[PDB]
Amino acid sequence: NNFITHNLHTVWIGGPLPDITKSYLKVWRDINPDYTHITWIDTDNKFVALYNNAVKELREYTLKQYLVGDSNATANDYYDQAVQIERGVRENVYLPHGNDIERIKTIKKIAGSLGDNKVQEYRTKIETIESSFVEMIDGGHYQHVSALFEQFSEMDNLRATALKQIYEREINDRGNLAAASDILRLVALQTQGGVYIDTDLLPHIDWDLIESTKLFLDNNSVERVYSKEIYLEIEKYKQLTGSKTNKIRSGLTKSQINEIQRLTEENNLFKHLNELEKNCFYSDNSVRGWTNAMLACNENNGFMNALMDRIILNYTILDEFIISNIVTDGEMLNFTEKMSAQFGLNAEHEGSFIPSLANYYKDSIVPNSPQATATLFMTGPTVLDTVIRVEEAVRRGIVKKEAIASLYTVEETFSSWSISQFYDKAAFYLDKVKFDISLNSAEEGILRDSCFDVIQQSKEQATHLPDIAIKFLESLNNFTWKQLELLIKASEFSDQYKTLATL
């Protein structure tokens, strides 16, 4: 055949698919009807996301009481406590969560500890989740993770077994469902071949049609200037079920918007997937480096084995990191040199990977730039970038750049796990507001200026702030004109600010 098999793999594990996830996937089926579309689900992990939420609520309740019993708690003290509390709940033998039966029993016990209407709040959620899975199982497009691991274990039981253990660790030890998906996508491609995309990506569009309209005209590229706004307007015009775009607007002109709506209506905007050579491994790097959010290879790909092997090695080293209790600066070099010699690594190039292991149980709990998180180094884009470099895969022609999917969608800006909008003090103070803990004058000024910095950094686009930050801003008075103008401008792009923009 000489082309990669026309399989389009997606992954959604840990709970029902959100409406906007189903909506994005249908766009892919609409544009690539001749592909075999497979969304991998795990019917043995129906309640992981809901368990995650119950643990976070218990964590926050414990954090409020910690703050109630300790003023002068610093931001660093707060997040150390947040990480320890999370571990204590996940490790608690009275609250097992290794399967859906244990999770359900544990979710009820946590909801009963929270009081209020939390019992019926979780009871209805459990039932809604079961109904969603019944429709999925009974109502083709879905395939089962257990059948996937079984199939891969008949090809490579060694790697199948090691990867399944890592998958289950991300499911249960951290509950980081994006990181578990970092594993599943590699197994899917290595077992069956095809193309993989994250569920928040959308097909590329025909930029030649855009240019031929003359409405979108540089020490920059057209995509970097216009793609985010165009993809907002495409989704807004399609009125995708579950979309956030009913409350968001772009900065494009009426004429620009009409042209996008026309091209979208004509069904002449999205491009179908290109053919890919069967003996090559494909990703894209045209946005901030290589990403594992979009991938393509045939089954039994040699570079894929090297990628899997490095991820498996990453977890062997993390296990040594935890047991050795490596914390301080000096202890990390006694570790980095020891690991570079134990596994034949280049210590100079590993200088960033080892320190990120400290963040393994801080991801999703402590604010951090995405490039500093453990997840990116363990299983995500940064390990992909490393293996491509180490294997010299580009020069050797075994990895190539390919335009698979666009990162410029509305949903890509909403991470299921990463937190990098507010850091340190401001993030600490924002949680206090969420906990109904009054701020002093100093904490108020810091959080207020931080909110306006985030808004101002957005320039001519919507700023997606947490609901509690909006409620914080609505409790304030005596805004300056510069600040008020920022809020009026923000209301032009998002309905979140409608109240803040009213005099």
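Each residue number is its position in the shown sequence, starting from 1.
The modelled chain is continuous from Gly330 to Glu331, with every intervening residue of the deposited sequence accounted for.
Coordinates are absent for 1 to 3 residues of the deposited sequence placed between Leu217 and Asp218. When the C-alpha B-factors of 75-83 and 307-315 are averaged, 75-83 comes out higher. Annotation for 98-106 versus 150-158: the higher mean temperature factor (C-alpha) is found in 98-106. Which of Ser227, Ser416, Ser250, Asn346 has the largest Cα B-factor in the deposited entry comes down to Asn346. The PDB entry assigns its highest CA temperature factor, among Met339, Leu384, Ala296, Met378, to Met339. Ranked within its chain, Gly397 lands in the middle third, by CA B factor from the PDB record. When all modelled residues of the chain are sorted by CA temperature factor, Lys22 is found within the lowest third.
Sort the chain's modelled residues by C-alpha temperature factor and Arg185 lands in the lowest third, per the entry.
Among all modelled residues in this chain, the alpha-carbon of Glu223 has a temperature factor (C-alpha) in the middle third. Sorting the modelled residues of the chain by their CA temperature factor places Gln496 in the lowest third.
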